[PDB]
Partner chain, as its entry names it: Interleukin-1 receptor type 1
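For reference, the chain that follows is the form solved without the partner chain, supplied as structure tokens.
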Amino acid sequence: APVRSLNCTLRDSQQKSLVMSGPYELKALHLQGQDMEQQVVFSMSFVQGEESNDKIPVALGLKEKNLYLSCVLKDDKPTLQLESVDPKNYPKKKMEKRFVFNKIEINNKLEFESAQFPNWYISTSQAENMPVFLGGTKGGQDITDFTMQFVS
């Protein structure tokens, strides 16, 4: 039938929120109070792909926008971008692989592994107001763990 989706926000494990600074830019910063209205709301779709008890394939679109997180090669490294799509055709159950993330439950948080690029994860920096990016380890100094808030 039709792909199922949920509206949500994400916070990294240092409790930074995500905000849209540009058509193709997401940043992470500490936020509280009225300024939380600035956070990005995602539509998380539950898409086709390999699934296990703790690992579920999803796509992450911006709520009511034809923009999705996707993973592509840039300068011979997996990179994260926002990509526009035809709004008549998305979301769909069979999302192209570059749009798919394995949502992994680990230690009461979530990680988002690229389905296209194994062991590359949606990441944030510890510094304030830096771009979200794809980080090719869950060990060192990038933040790869998140919590989800489910939104009306």
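Here the rigid core means the biggest group of C-alpha atoms that line up within 1.5 Å when the two forms are laid on top of each other. Positions refer to the first chain, counted from 1.
Absent from the display: the form solved in complex with the partner chain. The rest refers to it.
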(request) Align on the rigid core first; then say whether the Cα of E51 has moved by at least 2 Å between this form and the one not shown. (result) yes
(message) Superposing on the rigid core, is the Cα displacement of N89 between this form and the one not shown 2 Å or more?
(response) no
(request) Compare the position of the CA of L29 between this form and the one not shown after a rigid core fit and state whether the shift reaches 2 Å. (result) no
(message) A 3 angstroms or greater change in CA distance between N53 and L10 is reported in the entry with it bound. Closer or farther than in this form?
(response) farther
